[PDB]
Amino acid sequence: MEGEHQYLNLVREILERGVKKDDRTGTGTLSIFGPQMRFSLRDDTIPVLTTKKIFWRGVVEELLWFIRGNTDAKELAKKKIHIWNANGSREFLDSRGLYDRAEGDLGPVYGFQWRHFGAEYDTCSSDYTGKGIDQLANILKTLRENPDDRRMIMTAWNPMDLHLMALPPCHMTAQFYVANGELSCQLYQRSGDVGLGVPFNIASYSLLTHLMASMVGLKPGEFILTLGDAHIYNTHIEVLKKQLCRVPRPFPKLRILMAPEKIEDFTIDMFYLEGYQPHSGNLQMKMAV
């Protein structure tokens, strides 16, 4: 009942006890409230699902993009990452009342808040160096100097910047914790697409915990995802029932070849997955409009 079984058990529970709940978009969900998953990062483990192939290059390039404080979707499209193109399109910015916003300029989403909380937003190409509160740098410093501190919070939930964002954050608040020279991270995610998004999010914050651990001379401990509204979309049900038949294989290991002086200078070449052995191909379409 550890590891990937955590995720599979969450899928069953939503399928068996979920509540029907039309939703934001034209399509329905089965939904529960408040479920939690815990993943061991010990022995270099990283919880990348084996019952479904995860787009690992996508996870890495998006996280490095967050860590840099970047908000331009075009930067991800250049590395053939398409996950933010929809929400940064002329149509979608216009539907959000952001008419004077250049295509691919998502506003002060995630990374911007991580590295520049409270800074005035101009455009995604502006220079934000030394502007706002650098929550991530502050946490890294606290992990070196005072690891027992109970206020190591990094949030993207800034009520004043929500109207400027293409989308309000999902993975909204992370807390860090140290015991026995092990770094743990809890993520509060207000809303989780359990089929498509959550497996991505688990890989994202697990990697972040690994990377942050290597920056401050600590071993990785646990990643804990706590969800608000965890839902499966009605379209994903039959696909997920198939995924549940698959026997999980051991989780891959993360190898880190080096850690740079500044966390924002990490590149995909500095680390890789060793032993990632996922199963066959199966799709899950995401719905909006």
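Start at 1 and count along the sequence shown; that's the residue number.
In this entry, 242-250 shows the higher mean Cα temperature factor of the pair 242-250 and 31-39. Higher mean CA B-factor, judged across 90-98 and 214-222 from the recorded values: 90-98. Highest C-alpha temperature factor among 173, 158, 85, 142 per the entry: 85. Within the listed group 182, 148, 127, 134, the record reports its top CA B-factor for 127.
Among all modelled residues in this chain, the alpha-carbon of residue 58 has a temperature factor (C-alpha) in the middle third. Among the modelled residues of its chain, residue 199 has a C-alpha B-factor that falls in the middle third, as given in the PDB entry. Among all modelled residues in its chain, residue 109 ranks in the lowest third by Cα B-factor. Among the modelled residues of its chain, residue 228 has a C-alpha B-factor that falls in the lowest third, as given in the PDB entry. Compared with the other modelled residues of the chain, the Cα B-factor recorded for residue 80 ranks in the highest third.
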